[PDB]
Amino acid sequence: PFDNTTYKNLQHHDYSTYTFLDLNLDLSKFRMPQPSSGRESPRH
Amino acid sequence: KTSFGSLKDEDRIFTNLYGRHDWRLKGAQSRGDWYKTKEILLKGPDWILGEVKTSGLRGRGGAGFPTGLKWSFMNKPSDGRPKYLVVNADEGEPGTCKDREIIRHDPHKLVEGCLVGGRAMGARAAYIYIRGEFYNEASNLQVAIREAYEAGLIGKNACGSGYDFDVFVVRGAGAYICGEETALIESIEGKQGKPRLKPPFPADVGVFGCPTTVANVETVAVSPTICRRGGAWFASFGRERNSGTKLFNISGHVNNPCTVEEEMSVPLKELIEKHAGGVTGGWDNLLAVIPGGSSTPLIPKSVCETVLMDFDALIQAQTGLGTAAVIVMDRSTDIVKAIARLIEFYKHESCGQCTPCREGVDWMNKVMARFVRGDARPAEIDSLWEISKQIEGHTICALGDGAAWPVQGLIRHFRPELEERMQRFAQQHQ
Amino acid sequence: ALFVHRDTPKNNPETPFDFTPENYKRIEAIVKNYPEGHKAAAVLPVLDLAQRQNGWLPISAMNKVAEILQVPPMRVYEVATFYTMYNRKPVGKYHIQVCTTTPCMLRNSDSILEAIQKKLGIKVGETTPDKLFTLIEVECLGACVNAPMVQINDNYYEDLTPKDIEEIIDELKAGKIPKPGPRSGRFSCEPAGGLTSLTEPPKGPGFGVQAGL
Amino acid sequence: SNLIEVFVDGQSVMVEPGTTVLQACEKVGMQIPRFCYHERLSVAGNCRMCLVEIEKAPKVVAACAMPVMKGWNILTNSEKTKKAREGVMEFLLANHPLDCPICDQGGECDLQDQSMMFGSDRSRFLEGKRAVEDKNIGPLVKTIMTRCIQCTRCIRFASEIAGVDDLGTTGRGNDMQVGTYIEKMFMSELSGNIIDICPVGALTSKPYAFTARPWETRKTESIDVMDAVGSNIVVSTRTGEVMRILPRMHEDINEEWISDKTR
Ligand SMILES: NC(=O)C1=CN([C@@H]2O[C@H](COP(=O)(O)OP(=O)(O)OC[C@H]3O[C@@H](n4cnc5c(N)ncnc54)[C@H](O)[C@@H]3O)[C@@H](O)[C@H]2O)C=CC1
Ligand SMILES: Cc1cc2nc3c(=O)[nH]c(=O)nc-3n(C[C@H](O)[C@H](O)[C@H](O)COP(=O)(O)O)c2cc1C
Ligand code: SF4
Ligand code: SF4
Ligand code: SF4
Ligand code: FES
Ligand code: FES
Ligand SMILES: [K+]
């Protein structure tokens, strides 16, 4: 049934204030190990 | 080919521009995305760069730099620093709302573009700098990125190709100047979004001091379609050095303001009359069109009759293509008030770093605020022209150019309306 | 509209602010997005995270972001004053942002600005006395074909008329949450008199893929 | 050697790679106008006063930041270099206050002197200027921020030489204010040297304030005795009375700074 008449992006009605940051916390395990400059900060 | 436009739906890159299909992975894979991505990634960076160079893709941010020549600046051996693709998703240009639709309704196409472009330039990860006002769009893109990690399409062993590639999303915090690429790079690094002086270009010193390519959402998202469909396919559209499709944002005084994908060198009159429902009150009611968002100079109705909406024809029309955001202004428009609101925008969106923008955009706004009321004299017009010429080319980034150009377009095409404004102020206030 | 700070009894470095522990886990997730040695790159999200926990940024959230990221506090004050989303004053619970640049001014956003003013009884910059609504006037929000539009705290309310924004303000005052989209007939950004494009079904995987691939 | 040949006004000069346009012009004895460049601070490039024409290039470059490429002909006196200097000096003097009589920088002001030498002779700014809240950064440095031209030598000095990181720019656009954002007192051991490098009278000496004026002072070159560094100083006197103490440049001692006890 090819539907072309309804807006399929109804998910963002259900987003809260921490949606982006909870998705970052969820994605924190899938990601590669970060590179290092060799120092803790440019003021170290 | 001589006439351009009338683009077919099979030749669209951004199918599901309107949200009528599923934006998630089950919908994106059913529309052609993430198909044979592994075979693209295994053919090497040089093949992908040659497909992008062959396609004639120019930078969809608005400067129109050749995208393959730009991305080939990263094709060099490393020196210990990582390399990065950074997708400019700010889209602060008044008139422009296309990348919002790309991120919101075709997010996996953007993520696949990040993977293909980062393989093309040897990039370690992708930092998508989305505008912070696009919060629902950013969460939308993060859901698509989570679906891409859970399918093994990005991350460790991306698409089963042995290439490791992350995709990060950094949200902005309300600065149009953080769409400028070096100011965006500064904004990712935890600083004021102040542009850098070039050189170093970001291919030498970019984000965190690494090699970096900053590229628009549209010019990144069309790259897997360019790699699948071919460079000759995308180069078969538009005029020469004007290759491809383009998203257009027709807003203002049209009957149906819309975002639509269209072939590159389509006429402006044909675009407005066909996809936007035409100008309100008819084509005889047209007064001016800002062709590519606020930074491009306006062109009046005599120029808009035969003008083509690619880069070089609007350069010949002494404006730019820009973001291809068509702001239509009919005869019932106080055009001085509109351009002065635009200069008011450019002094609220200006980071105060270098002297000519920090001082002259405020001084242009004060002169334009007096021109709206007409509280001036005609010798101040050419004076204002010179003020714009003292900002154009003397700044760090092109927001000085983007604030000097609307003043120049307004003076150049509507000096008599400015003069009759000021003389009626004079005769009714003295 | 001031870009200096003066210590008031409701905004000083002894104003109580600290993150919740789930906000600390979110901060760790933010900081792990950036390379080692560049922890300062997490100034913009974490500070915005402090705006999401608190609603606004006193000078204890700026100092806390400066402490937990080991960056000087002036470099957080610069980011907080540079960017227009960071509320350095307590705004109301619903922060209405009416775009009045040229593509929204052409489609009569001034009528909606006046309608919100006369409906809420305040003007631009002010706050309703029940601390529920802050009305300011912002630049281009990037919804130009859906002009005239506003933003309420995350949500774009688009293609608005005065009756539409009065309805939105009414159901905000009733405790509900409205639907973030165009308030005209259309769905997101299509031409309002029907689709002039993408009327065919999309072709699917393998269409037009060149040889050798 | 690896020296590249460049040209300043047609004159050949052999420079090291990485040398800027400004340093190549310095090697032929020409000083490019500047406000934010300082040879002991990091390159900022945000006053745009050093914009100079490279020929066969239709855009001026910031000479303080742009490295020379091989074969450039730097046109330090051409028409569009002078037009760039006049435009930038016009924007610097647009919102600058008419304070030259009551300002301690008068007579020894970079803004005055290279407005006389490189800017125009008259104004077109028909508007009202801005006015900035003053700051209290301590008992040594008087702060009048309307005179600030936002060259950020404050911030680069406090960050890189003083090592303080407590000065900065808050705000955005023309409302961008150099300051501490809070009532903070900038008391470093080298805190008075920002009086030196501030090209305008936005940062003046509070003990020297109002008492003298630079043309009437006699400059006696002398030595600090407040510690065993032996910092070379200028004791400026006026009619048999010590007015103030400035640094002398000595590359091997005190490069061009002194301490606050010395000052
Ligand atoms: N897409 C949007 O939302 C907006 C787009 N714009 C457009 O942005 C443009 C100005 O942006 P800019 O990037 O500052 O200008 P453009 O002159 O520099 O450069 C475009 C790209 O080409 C690269 N590039 C240019 N020359 C190069 C060289 N010799 N070597 C290496 N890389 C080089 C730059 O790094 C940049 O990524 C204008 O055309 C304006 O219309 C402006 C505002 C908003
Ligand atoms: C003031 C200013 C704002 C800009 N804002 C954006 C933006 O919001 N989004 C964008 O893609 N490009 C923006 N650009 C253009 C970028 O500098 C850059 O050229 C582009 O993002 C990537 O280059 P590309 O068009 O070749 O892909 C802006 C440029 C300037 C001068
Ligand atoms: S011209 Fe304006 S936008 Fe660009 S660096 Fe200067 S203050 Fe910033
Ligand atoms: S800083 Fe210089 S130009 Fe400005 S008031 Fe003082 S002496 Fe005059
Ligand atoms: S106070 Fe002086 S040194 Fe500091 S930024 Fe302003 S002009 Fe430059
Ligand atoms: S102009 Fe109002 S959203 Fe772009
Ligand atoms: S001196 Fe080069 S720009 Fe300030
Ligand atoms: K001084």
# chains A, B, ... in the order shown; residues from 1 in each chain; ligands from 1

$ select_by_dssp --residues "region 87-152 of chain C" --states "alpha helix (DSSP H)" --output "list in words"
residues 102, 103, 104, 105, 106, 110, 111, 112, 113, 114, 115, 116, 117, 118, 119 and 120 of chain C

$ write_last_selection --atoms "N, CA and C atoms" --output "PDB file, in the first residue's frame"
ATOM      1  N   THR C 102      13.754  39.260   7.223  1.00  0.00           N
ATOM      2  CA  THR C 102      13.069  39.678   6.000  1.00  0.00           C
ATOM      3  C   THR C 102      12.157  38.610   5.388  1.00  0.00           C
ATOM      4  N   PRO C 103      12.541  37.324   5.237  1.00  0.00           N
ATOM      5  CA  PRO C 103      11.554  36.362   4.709  1.00  0.00           C
ATOM      6  C   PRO C 103      10.376  36.088   5.628  1.00  0.00           C
ATOM      7  N   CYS C 104      10.512  36.281   6.937  1.00  0.00           N
ATOM      8  CA  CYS C 104       9.345  36.205   7.806  1.00  0.00           C
ATOM      9  C   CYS C 104       8.604  37.526   7.920  1.00  0.00           C
ATOM     10  N   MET C 105       9.290  38.656   7.747  1.00  0.00           N
ATOM     11  CA  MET C 105       8.606  39.943   7.779  1.00  0.00           C
ATOM     12  C   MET C 105       7.743  40.142   6.539  1.00  0.00           C
ATOM     13  N   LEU C 106       8.178  39.605   5.394  1.00  0.00           N
ATOM     14  CA  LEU C 106       7.383  39.686   4.172  1.00  0.00           C
ATOM     15  C   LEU C 106       6.067  38.939   4.302  1.00  0.00           C
ATOM     16  N   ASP C 110       4.918  40.489  11.850  1.00  0.00           N
ATOM     17  CA  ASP C 110       4.629  41.582  12.768  1.00  0.00           C
ATOM     18  C   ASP C 110       3.230  41.462  13.349  1.00  0.00           C
ATOM     19  N   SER C 111       2.289  40.918  12.571  1.00  0.00           N
ATOM     20  CA  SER C 111       0.939  40.682  13.073  1.00  0.00           C
ATOM     21  C   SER C 111       0.942  39.659  14.196  1.00  0.00           C
ATOM     22  N   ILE C 112       1.786  38.639  14.083  1.00  0.00           N
ATOM     23  CA  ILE C 112       1.869  37.618  15.115  1.00  0.00           C
ATOM     24  C   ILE C 112       2.626  38.121  16.328  1.00  0.00           C
ATOM     25  N   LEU C 113       3.639  38.964  16.119  1.00  0.00           N
ATOM     26  CA  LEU C 113       4.326  39.604  17.236  1.00  0.00           C
ATOM     27  C   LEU C 113       3.364  40.472  18.043  1.00  0.00           C
ATOM     28  N   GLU C 114       2.551  41.275  17.349  1.00  0.00           N
ATOM     29  CA  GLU C 114       1.527  42.075  18.015  1.00  0.00           C
ATOM     30  C   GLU C 114       0.453  41.211  18.664  1.00  0.00           C
ATOM     31  N   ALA C 115       0.109  40.076  18.047  1.00  0.00           N
ATOM     32  CA  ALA C 115      -0.915  39.199  18.604  1.00  0.00           C
ATOM     33  C   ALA C 115      -0.444  38.535  19.890  1.00  0.00           C
ATOM     34  N   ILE C 116       0.815  38.095  19.926  1.00  0.00           N
ATOM     35  CA  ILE C 116       1.389  37.538  21.147  1.00  0.00           C
ATOM     36  C   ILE C 116       1.500  38.612  22.223  1.00  0.00           C
ATOM     37  N   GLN C 117       1.828  39.849  21.827  1.00  0.00           N
ATOM     38  CA  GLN C 117       1.893  40.952  22.787  1.00  0.00           C
ATOM     39  C   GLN C 117       0.537  41.234  23.423  1.00  0.00           C
ATOM     40  N   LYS C 118      -0.516  41.324  22.614  1.00  0.00           N
ATOM     41  CA  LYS C 118      -1.823  41.634  23.180  1.00  0.00           C
ATOM     42  C   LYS C 118      -2.474  40.431  23.849  1.00  0.00           C
ATOM     43  N   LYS C 119      -2.065  39.211  23.501  1.00  0.00           N
ATOM     44  CA  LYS C 119      -2.600  38.034  24.169  1.00  0.00           C
ATOM     45  C   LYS C 119      -1.945  37.820  25.524  1.00  0.00           C
ATOM     46  N   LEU C 120      -0.627  37.988  25.604  1.00  0.00           N
ATOM     47  CA  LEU C 120       0.093  37.804  26.856  1.00  0.00           C
ATOM     48  C   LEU C 120       0.135  39.056  27.716  1.00  0.00           C
TER      49      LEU C 120
END

$ residues_around --residues "residue 94 (chain D)" --least-positions-apart "2" --cutoff "9 Å" --atoms "only C-alpha atoms" --output "PDB file with C-alpha atoms, in the first residue's frame"
ATOM      1  CA  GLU B 359      32.053  49.026  13.203  1.00  0.00           C
ATOM      2  CA  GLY B 360      30.783  49.321   9.640  1.00  0.00           C
ATOM      3  CA  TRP B 363      27.202  52.114  10.870  1.00  0.00           C
TER       4      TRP B 363
ATOM      5  CA  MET D  89      41.107  54.121  10.340  1.00  0.00           C
ATOM      6  CA  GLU D  90      37.659  55.553   9.600  1.00  0.00           C
ATOM      7  CA  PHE D  91      35.971  52.568  11.235  1.00  0.00           C
ATOM      8  CA  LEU D  92      38.320  52.790  14.229  1.00  0.00           C
ATOM      9  CA  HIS D  96      35.983  56.378  19.363  1.00  0.00           C
ATOM     10  CA  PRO D  97      35.349  59.137  21.926  1.00  0.00           C
ATOM     11  CA  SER D 123      34.836  62.444   9.423  1.00  0.00           C
ATOM     12  CA  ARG D 124      31.748  61.108   7.699  1.00  0.00           C
ATOM     13  CA  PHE D 125      30.208  59.460  10.779  1.00  0.00           C
ATOM     14  CA  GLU D 127      25.604  59.129  13.974  1.00  0.00           C
ATOM     15  CA  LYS D 129      28.760  56.917  19.037  1.00  0.00           C
TER      16      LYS D 129
END

$ interface_residues --of "chain C" --to "chain A" --cutoff "12 Å" --atoms "only C-alpha atoms" --output "PyMOL selection string"
chain C and resi 22-41+45-46+48-55+69-72+153-157+177-182+185-190+194-195+197-202

$ residues_near_ligand --ligand "ligand 3" --cutoff "8 Å" --atoms "only C-alpha atoms and all ligand atoms" --output "count of residues only"
23

$ residues_near_ligand --ligand "ligand 2" --cutoff "7 Å" --atoms "only C-alpha atoms and all ligand atoms" --output "JSON, numbers by chain"
{"B": [58, 59, 60, 61, 62, 63, 64, 65, 66, 67, 88, 89, 90, 91, 92, 93, 176, 177, 178, 179, 180, 181, 214, 215, 216, 217, 219, 397, 398, 399]}

$ residues_around --residues "residue 277 (chain B)" --least-positions-apart "4" --cutoff "12 Å" --atoms "only C-alpha atoms" --output "compact mmCIF listing (two decimals) with C-alpha atoms, in the first residue's frame"
# COMPACT_ATOMS: atom_id res chain seq x y z
CA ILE B 250 11.25 29.85 -2.48
CA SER B 251 9.91 32.08 0.28
CA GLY B 252 8.53 35.58 0.60
CA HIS B 253 5.73 36.90 -1.61
CA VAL B 254 4.91 33.71 -3.48
CA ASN B 255 1.64 31.82 -3.32
CA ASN B 256 3.15 28.54 -2.09
CA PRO B 257 6.51 28.93 -0.30
CA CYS B 258 8.34 25.66 -0.56
CA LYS B 269 10.69 32.70 -13.61
CA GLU B 270 10.03 29.04 -14.44
CA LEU B 271 11.02 27.97 -10.91
CA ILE B 272 8.75 30.50 -9.18
CA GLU B 273 5.82 29.94 -11.55
CA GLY B 281 -0.65 39.24 -7.54
CA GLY B 282 0.96 37.84 -10.68
CA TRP B 283 4.33 38.16 -12.37
CA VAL B 328 10.45 37.08 -3.58
CA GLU C 190 5.68 21.07 0.38
CA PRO C 191 3.87 23.46 -1.97
CA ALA C 192 0.54 24.08 -0.29
CA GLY C 193 -1.55 23.48 -3.40
CA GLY C 194 -0.38 19.89 -3.77
CA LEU C 195 2.93 18.25 -4.56
CA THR C 196 4.72 19.76 -7.55

$ residues_near_ligand --ligand "ligand 4" --cutoff "12 Å" --atoms "only C-alpha atoms and all ligand atoms" --output "PyMOL selection string"
chain D and resi 35+89-90+92-116+143-150+195+198-204+213-214

$ interface_residues --of "chain D" --to "chain A" --cutoff "12 Å" --atoms "only C-alpha atoms" --output "PyMOL selection string"
chain D and resi 159-160+163-165

$ interface_residues --of "chain D" --to "chain C" --cutoff "9 Å" --atoms "only C-alpha atoms" --output "list in words"
residues 133, 164, 165, 166, 167, 168, 169, 170, 171, 172, 175, 176, 177, 179, 180, 181, 182 and 183 of chain D

$ residues_near_ligand --ligand "ligand 6" --cutoff "10 Å" --atoms "only C-alpha atoms and all ligand atoms" --output "PDB file with N, CA and C atoms, in the first residue's frame"
ATOM      1  N   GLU B  91      23.208  26.554   8.821  1.00  0.00           N
ATOM      2  CA  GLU B  91      22.157  27.070   7.933  1.00  0.00           C
ATOM      3  C   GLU B  91      21.455  28.282   8.553  1.00  0.00           C
ATOM      4  N   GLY B  92      22.233  29.327   8.773  1.00  0.00           N
ATOM      5  CA  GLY B  92      21.694  30.524   9.369  1.00  0.00           C
ATOM      6  C   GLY B  92      21.221  31.553   8.373  1.00  0.00           C
ATOM      7  N   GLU B  93      21.239  31.223   7.102  1.00  0.00           N
ATOM      8  CA  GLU B  93      20.986  32.210   6.067  1.00  0.00           C
ATOM      9  C   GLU B  93      19.493  32.480   5.953  1.00  0.00           C
ATOM     10  N   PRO B  94      19.062  33.737   6.065  1.00  0.00           N
ATOM     11  CA  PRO B  94      17.638  34.051   5.916  1.00  0.00           C
ATOM     12  C   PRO B  94      17.174  33.782   4.497  1.00  0.00           C
ATOM     13  N   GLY B  95      16.124  32.972   4.382  1.00  0.00           N
ATOM     14  CA  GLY B  95      15.695  32.406   3.129  1.00  0.00           C
ATOM     15  C   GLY B  95      15.963  30.921   3.033  1.00  0.00           C
ATOM     16  N   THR B  96      17.011  30.439   3.690  1.00  0.00           N
ATOM     17  CA  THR B  96      17.525  29.095   3.468  1.00  0.00           C
ATOM     18  C   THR B  96      17.000  28.155   4.543  1.00  0.00           C
ATOM     19  N   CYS B  97      16.301  27.105   4.118  1.00  0.00           N
ATOM     20  CA  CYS B  97      15.823  26.075   5.028  1.00  0.00           C
ATOM     21  C   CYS B  97      15.891  24.689   4.393  1.00  0.00           C
ATOM     22  N   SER B 251      10.665  31.475  -0.794  1.00  0.00           N
ATOM     23  CA  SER B 251       9.906  32.079   0.281  1.00  0.00           C
ATOM     24  C   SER B 251       9.656  33.542  -0.051  1.00  0.00           C
ATOM     25  N   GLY B 252       8.856  34.183   0.783  1.00  0.00           N
ATOM     26  CA  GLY B 252       8.528  35.585   0.602  1.00  0.00           C
ATOM     27  C   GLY B 252       7.130  35.758   0.030  1.00  0.00           C
ATOM     28  N   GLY B 293      19.408  33.898  -0.815  1.00  0.00           N
ATOM     29  CA  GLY B 293      19.517  34.241   0.579  1.00  0.00           C
ATOM     30  C   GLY B 293      20.136  35.608   0.762  1.00  0.00           C
ATOM     31  N   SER B 294      20.128  36.047   2.020  1.00  0.00           N
ATOM     32  CA  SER B 294      20.299  37.450   2.386  1.00  0.00           C
ATOM     33  C   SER B 294      21.620  38.049   1.930  1.00  0.00           C
ATOM     34  N   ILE B 327      14.055  34.695  -2.297  1.00  0.00           N
ATOM     35  CA  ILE B 327      13.226  35.553  -1.466  1.00  0.00           C
ATOM     36  C   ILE B 327      12.523  36.525  -2.401  1.00  0.00           C
ATOM     37  N   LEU B 342      17.498  43.461   6.994  1.00  0.00           N
ATOM     38  CA  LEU B 342      18.553  42.515   6.673  1.00  0.00           C
ATOM     39  C   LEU B 342      19.903  42.984   7.220  1.00  0.00           C
ATOM     40  N   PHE B 345      19.852  42.339  10.835  1.00  0.00           N
ATOM     41  CA  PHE B 345      20.254  40.947  11.026  1.00  0.00           C
ATOM     42  C   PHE B 345      21.765  40.799  11.002  1.00  0.00           C
TER      43      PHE B 345
ATOM     44  N   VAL C  98      10.041  34.946  18.293  1.00  0.00           N
ATOM     45  CA  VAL C  98       9.344  35.306  17.065  1.00  0.00           C
ATOM     46  C   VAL C  98      10.371  35.797  16.058  1.00  0.00           C
ATOM     47  N   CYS C  99      10.533  35.062  14.964  1.00  0.00           N
ATOM     48  CA  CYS C  99      11.469  35.462  13.925  1.00  0.00           C
ATOM     49  C   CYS C  99      10.911  36.627  13.127  1.00  0.00           C
ATOM     50  N   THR C 100      11.697  37.698  13.011  1.00  0.00           N
ATOM     51  CA  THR C 100      11.266  38.893  12.300  1.00  0.00           C
ATOM     52  C   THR C 100      12.292  39.344  11.271  1.00  0.00           C
ATOM     53  N   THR C 101      13.069  38.426  10.708  1.00  0.00           N
ATOM     54  CA  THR C 101      13.911  38.818   9.590  1.00  0.00           C
ATOM     55  C   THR C 101      13.074  38.949   8.327  1.00  0.00           C
ATOM     56  N   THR C 102      13.754  39.260   7.223  1.00  0.00           N
ATOM     57  CA  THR C 102      13.069  39.678   6.000  1.00  0.00           C
ATOM     58  C   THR C 102      12.157  38.610   5.388  1.00  0.00           C
ATOM     59  N   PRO C 103      12.541  37.324   5.237  1.00  0.00           N
ATOM     60  CA  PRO C 103      11.554  36.362   4.709  1.00  0.00           C
ATOM     61  C   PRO C 103      10.376  36.088   5.628  1.00  0.00           C
ATOM     62  N   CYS C 104      10.512  36.281   6.937  1.00  0.00           N
ATOM     63  CA  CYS C 104       9.345  36.205   7.806  1.00  0.00           C
ATOM     64  C   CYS C 104       8.604  37.526   7.920  1.00  0.00           C
ATOM     65  N   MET C 105       9.290  38.656   7.747  1.00  0.00           N
ATOM     66  CA  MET C 105       8.606  39.943   7.779  1.00  0.00           C
ATOM     67  C   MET C 105       7.743  40.142   6.539  1.00  0.00           C
ATOM     68  N   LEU C 106       8.178  39.605   5.394  1.00  0.00           N
ATOM     69  CA  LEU C 106       7.383  39.686   4.172  1.00  0.00           C
ATOM     70  C   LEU C 106       6.067  38.939   4.302  1.00  0.00           C
ATOM     71  N   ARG C 107       6.059  37.821   5.024  1.00  0.00           N
ATOM     72  CA  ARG C 107       4.838  37.066   5.258  1.00  0.00           C
ATOM     73  C   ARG C 107       4.190  37.424   6.584  1.00  0.00           C
ATOM     74  N   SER C 109       5.034  38.586   9.910  1.00  0.00           N
ATOM     75  CA  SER C 109       5.302  38.146  11.272  1.00  0.00           C
ATOM     76  C   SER C 109       5.065  39.242  12.297  1.00  0.00           C
ATOM     77  N   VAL C 138      13.776  37.131  17.681  1.00  0.00           N
ATOM     78  CA  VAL C 138      15.040  36.541  17.256  1.00  0.00           C
ATOM     79  C   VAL C 138      15.240  36.702  15.760  1.00  0.00           C
ATOM     80  N   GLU C 139      16.404  36.290  15.286  1.00  0.00           N
ATOM     81  CA  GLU C 139      16.755  36.365  13.879  1.00  0.00           C
ATOM     82  C   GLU C 139      16.260  35.098  13.183  1.00  0.00           C
ATOM     83  N   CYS C 140      16.753  34.838  11.968  1.00  0.00           N
ATOM     84  CA  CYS C 140      16.271  33.739  11.138  1.00  0.00           C
ATOM     85  C   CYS C 140      16.476  32.387  11.794  1.00  0.00           C
ATOM     86  N   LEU C 141      15.374  31.689  12.043  1.00  0.00           N
ATOM     87  CA  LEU C 141      15.385  30.367  12.646  1.00  0.00           C
ATOM     88  C   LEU C 141      15.476  29.250  11.621  1.00  0.00           C
ATOM     89  N   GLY C 142      15.615  29.579  10.343  1.00  0.00           N
ATOM     90  CA  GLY C 142      15.791  28.566   9.321  1.00  0.00           C
ATOM     91  C   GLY C 142      14.549  27.769   9.000  1.00  0.00           C
ATOM     92  N   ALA C 143      13.388  28.409   9.019  1.00  0.00           N
ATOM     93  CA  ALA C 143      12.116  27.822   8.616  1.00  0.00           C
ATOM     94  C   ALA C 143      11.391  28.790   7.706  1.00  0.00           C
ATOM     95  N   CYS C 144      12.106  29.248   6.680  1.00  0.00           N
ATOM     96  CA  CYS C 144      11.713  30.437   5.938  1.00  0.00           C
ATOM     97  C   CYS C 144      10.540  30.184   5.009  1.00  0.00           C
ATOM     98  N   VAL C 145      10.423  28.978   4.457  1.00  0.00           N
ATOM     99  CA  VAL C 145       9.270  28.704   3.615  1.00  0.00           C
ATOM    100  C   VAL C 145       8.049  28.405   4.463  1.00  0.00           C
ATOM    101  N   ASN C 146       8.247  28.100   5.741  1.00  0.00           N
ATOM    102  CA  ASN C 146       7.165  27.957   6.699  1.00  0.00           C
ATOM    103  C   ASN C 146       6.934  29.239   7.477  1.00  0.00           C
ATOM    104  N   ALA C 147       7.300  30.371   6.889  1.00  0.00           N
ATOM    105  CA  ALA C 147       7.033  31.661   7.487  1.00  0.00           C
ATOM    106  C   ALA C 147       5.534  31.942   7.472  1.00  0.00           C
ATOM    107  N   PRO C 148       5.025  32.677   8.461  1.00  0.00           N
ATOM    108  CA  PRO C 148       5.659  33.176   9.684  1.00  0.00           C
ATOM    109  C   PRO C 148       5.643  32.140  10.800  1.00  0.00           C
ATOM    110  N   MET C 149       6.746  32.032  11.533  1.00  0.00           N
ATOM    111  CA  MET C 149       6.913  30.976  12.518  1.00  0.00           C
ATOM    112  C   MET C 149       7.473  31.548  13.810  1.00  0.00           C
ATOM    113  N   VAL C 150       7.311  30.785  14.891  1.00  0.00           N
ATOM    114  CA  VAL C 150       7.924  31.076  16.178  1.00  0.00           C
ATOM    115  C   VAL C 150       8.594  29.807  16.683  1.00  0.00           C
ATOM    116  N   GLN C 151       9.335  29.958  17.776  1.00  0.00           N
ATOM    117  CA  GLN C 151       9.954  28.837  18.466  1.00  0.00           C
ATOM    118  C   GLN C 151       9.588  28.895  19.937  1.00  0.00           C
ATOM    119  N   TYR C 156       9.326  24.338  16.730  1.00  0.00           N
ATOM    120  CA  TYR C 156       8.933  25.327  15.743  1.00  0.00           C
ATOM    121  C   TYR C 156       7.434  25.244  15.511  1.00  0.00           C
ATOM    122  N   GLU C 158       4.745  26.855  12.968  1.00  0.00           N
ATOM    123  CA  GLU C 158       5.008  27.384  11.644  1.00  0.00           C
ATOM    124  C   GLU C 158       3.708  27.691  10.916  1.00  0.00           C
TER     125      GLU C 158
END

$ atom_distance --atom1 "CA of residue 162 (chain C)" --atom2 "CA of residue 334 (chain B)"
22.3 Å

$ interface_residues --of "chain B" --to "chain A" --cutoff "10 Å" --atoms "only C-alpha atoms" --output "ChimeraX atom specification"
/B:16,18-24,80-82,104-105,124-125,135-143,145-146,149-150,152,154-156,164-169,171,208

$ closest_residue --among "D:257, D:74, D:225, D:60" --to "chain B" --atoms "only C-alpha atoms"
D:60

$ residues_around --residues "region 211-213 of chain B" --least-positions-apart "5" --cutoff "12 Å" --atoms "only C-alpha atoms" --output "PyMOL selection string"
chain B and resi 59+67-88+114+117-118+120-128+181-182+184-185+200-206+219-220

$ atom_distance --atom1 "CA of residue 52 (chain D)" --atom2 "CA of residue 75 (chain D)"
6.6 Å

$ atom_distance --atom1 "CA of residue 425 (chain B)" --atom2 "CA of residue 413 (chain B)"
20.7 Å

$ select_by_dssp --residues "region 149-205 of chain D" --states "strand (DSSP E)" --output "ChimeraX atom specification"
/D:168-170,177-179,203-205

$ residues_near_ligand --ligand "ligand 7" --cutoff "8 Å" --atoms "only C-alpha atoms and all ligand atoms" --output "JSON, numbers by chain"
{"B": [354], "D": [33, 34, 35, 36, 37, 38, 43, 44, 45, 46, 47, 48, 49, 50, 51, 62, 63, 64, 65, 151]}

$ write_last_selection --atoms "C-alpha atoms" --output "tab-separated table (two decimals), in the first residue's frame"
chain	number	residue	atom	x	y	z
B	354	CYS	CA	37.71	42.58	13.06
D	33	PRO	CA	50.73	50.37	10.43
D	34	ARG	CA	49.21	48.08	13.03
D	35	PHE	CA	47.07	48.03	16.12
D	36	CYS	CA	46.62	44.40	17.11
D	37	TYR	CA	49.95	43.01	15.95
D	38	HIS	CA	52.60	42.86	18.60
D	43	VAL	CA	49.15	37.03	15.89
D	44	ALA	CA	45.50	38.07	16.09
D	45	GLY	CA	44.69	39.76	12.79
D	46	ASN	CA	41.57	41.54	14.04
D	47	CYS	CA	42.17	45.25	13.54
D	48	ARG	CA	42.80	45.01	9.75
D	49	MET	CA	45.07	48.07	9.78
D	50	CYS	CA	47.99	46.19	8.23
D	51	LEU	CA	46.10	45.37	5.01
D	62	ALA	CA	46.69	41.10	6.59
D	63	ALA	CA	50.44	41.65	6.64
D	64	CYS	CA	50.76	40.65	10.30
D	65	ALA	CA	49.35	37.16	9.63
D	151	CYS	CA	42.63	44.91	19.51
